[PDB]
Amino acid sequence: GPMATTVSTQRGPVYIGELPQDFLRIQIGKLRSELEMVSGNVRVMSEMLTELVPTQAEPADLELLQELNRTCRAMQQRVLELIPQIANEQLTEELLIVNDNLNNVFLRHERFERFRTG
C-alpha cells in the first residue's frame, strides 16, 4: 500500500500508511516529532472508538479506523524497537507512555470489534 501520509480528519491529523524506514529510527527532536504523530493517531483512534456504534458505523469510518489500527500497530513495533536504544530518560518515559496508550487503544478496539462481530 501507499507510504504514510498525513490526512486531515474531522478529529485531527492522522499519519496513516506504510512507515518509512527512518520513522522512529536513529536527533531527539526528530524522534519526538515522530512520536507526536503516533500520539495524534492514538487520540483520533480513541475518539473514534468512543464515538462510533460498533454495529451501525459508516463503512468509511470503519475504513479509517482499520487504517489507524494497522498503522498504530506498525508504530508500536517501532516504539518498542526504539526503546532499548535510547538513553535519554525523558524520551524513554515518553515512549513508555505512548506504548501503554497503544496497548490501551488496542484493547478498546478489540471490545469495539466484539460488538461489531457478535
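Start at 1 with the first residue shown and count on from there.
- Per the record, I26 and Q27 are separated by 10 or more deposited residues that have no coordinates.
- Mean CA B-factor, 46-54 versus 78-86: the higher value falls on 46-54.
- In this entry, 55-63 has the higher mean Cα B-factor, the comparison being between 55-63 and 37-45.
- When the modelled residues of the chain are ordered by their C-alpha B factor, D22 lands in the highest third.
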